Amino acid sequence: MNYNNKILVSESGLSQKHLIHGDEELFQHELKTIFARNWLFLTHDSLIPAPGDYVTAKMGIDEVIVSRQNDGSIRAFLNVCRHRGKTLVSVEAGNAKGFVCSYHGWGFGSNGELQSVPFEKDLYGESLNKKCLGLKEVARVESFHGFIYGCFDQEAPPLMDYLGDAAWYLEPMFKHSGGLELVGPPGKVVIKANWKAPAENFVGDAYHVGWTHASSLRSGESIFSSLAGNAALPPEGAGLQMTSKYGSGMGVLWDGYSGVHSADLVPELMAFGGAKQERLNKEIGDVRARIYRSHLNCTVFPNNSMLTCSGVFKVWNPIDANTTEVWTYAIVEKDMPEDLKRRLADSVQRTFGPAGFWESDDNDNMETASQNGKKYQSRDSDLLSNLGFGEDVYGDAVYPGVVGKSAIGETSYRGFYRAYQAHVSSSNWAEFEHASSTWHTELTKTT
């Protein structure tokens, strides 16, 4: 397949070839054009707060060690020994000033430097140039209010510019709330789906909630219970959708601060969010303060997703075209009482973790949609994402980005797949930028 010419995503992101969820050659291509090029979620300050603290993380199919440096910075390195290529670290988290390889005993510092070699003087003499033998380092490591992302490509935009218009929507919760922390360790589960299926589901799919989750809504009696069995459309004006230049996007559902959580947490959450919102009115304005306590279903391109207020935080780690390793953390506001934080963390896993009763509703959706992309008569078929097209705006006076002013639609899919197509047919960031010069014009075309 010629990725320069082949149309995998049609103009305006209106449709995608079903094969993108199943093609192994395209998966391999994605390793280069998607995962080696873009910003990928690693960890949070709260998980490595002290010098020497480290965690392992995936970046695409690669594994990295992410380490808090003595100077307070964070550096990340391929989890691979420079000698004969054994995996260096076999645990998920810890604290250490260095990492020793268990094969021949080479010792690397937390800063990735080759620091000791067993019997170096006797064996290597002086001919081993250790300064050239440091662990292969992740080029770029940046933070968005405590959330740490990495990028193998030195030429990438800074993380803030990369979040583009999505940053405006995230800031009330990520910044003005006083800050979030990530509660680990994450749940970890392999699903037989392409990483793009849950990515697209979280970036813009409010449509499925009432139907896919009819039973969970009815059973848990969450604030969204109204939508169950498709019993109710949320009022015209119940929210909006947005998307951005570099692919990130989200749905907004007004005032849904208790989110997916079952009735046992609803009064406390609604009281707590409303209280902070009243304080925030004076600091950031009524619109943004409301955004803070509104439910955002977001994907940070390409494979990091989240539900603010619900507190769900996801990493869709790619394994092959029909295999994904799902990591699930909880996000909580730092100034929440500790007991509330703990119950919120548990509830995030209860609904969306390895035994999450909502996450289970989605399973067959993600798996079969992905697996059908391998079936012969479906490969060249078109997945449709035209809902709301011709009504999207750009440059609105109140809400930034390409915006659909309705709670349910496919605006964010179109934005996600536009960026995806732009990367797949590009050899570097310069070419992506060239292919993205009229991005919002393309997304708003019939409007």
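Residues carry their position along the shown sequence, with the first being 1.
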{"item": "231-239 or 360-368, whichever carries the higher mean Cα B-factor", "value": "231-239"}
{"item": "Higher-scoring stretch by recorded Cα B factor average, 284-292 or 79-87", "value": "284-292"}
{"item": "Among 406, 67, 412, 43 - the residue whose C-alpha B-factor is largest in the record", "value": "406"}
{"item": "Largest Cα B-factor, entry values, listed residues 92, 320, 264, 346", "value": "264"}
{"item": "Assigned third (lowest, middle, highest) for the C-alpha B factor of residue 25", "value": "middle"}
{"item": "Lowest, middle or highest third - CA B-factor, residue 382", "value": "middle"}
{"item": "Chain thirds of CA B-factor: placement of residue 374", "value": "lowest"}
{"item": "Cα B factor band for residue 304 (lowest, middle or highest third within the chain)", "value": "lowest"}
{"item": "CA B-factor placement of residue 310, once the chain's modelled residues are sorted into thirds", "value": "middle"}
